[PDB]
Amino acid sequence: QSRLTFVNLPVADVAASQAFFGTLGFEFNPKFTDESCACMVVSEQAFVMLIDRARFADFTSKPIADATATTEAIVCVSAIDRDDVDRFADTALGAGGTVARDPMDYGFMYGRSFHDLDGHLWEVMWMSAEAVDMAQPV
């Protein structure tokens, strides 16, 4: 059956991260948002939890990675069209994000990337509906 997804990312400053993602147009769930965690809503079925580093450290026995030095994970969100890809990525860069990789452009697929305020690597990507193919058993 479908499960909900919560992607937990450590951040130095919850308030700054919440403002960054708000600028990108994400809503937050107030019931799961406080000084140490902000619950970014991506859809009904997926959320990104922006967790203060000191709280995040309770969840792992390993030191917290420096995402400006190494990459363990990349979060990609879909976009509705090419203009959404550019608006989202340009907004991220203007809000303090930094360049990651060159745009990927196949004409009918278009993606951009950036590192967020804490170095976590994001992609935003559109694929043509004529191109975008279901779940099958392994």
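Don't overthink the numbering: it's just position in the shown sequence, from 1.
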**OP:** Quick one: classify how much of the deposited chain lacks coordinates between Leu4 and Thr5, choosing none, 1 to 3, 4 to 9, or 10 or more.
**Re:** none
Original post:
Where do the C-alpha atoms have the higher mean temperature factor in this entry, in 68 to 76 or in 28 to 36?
Top reply: 28 to 36
Subject >> Mean C-alpha temperature factor, higher of 13 to 21 and 122 to 130 >> reply: 122 to 130
Subject >> Largest Cα B-factor, entry values, listed residues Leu93, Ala46, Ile51, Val85 >> reply: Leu93
Original post:
Considering only modelled residues of the same chain, in which third does the CA B-factor of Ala57 rank: lowest, middle or highest?
Top reply: middle
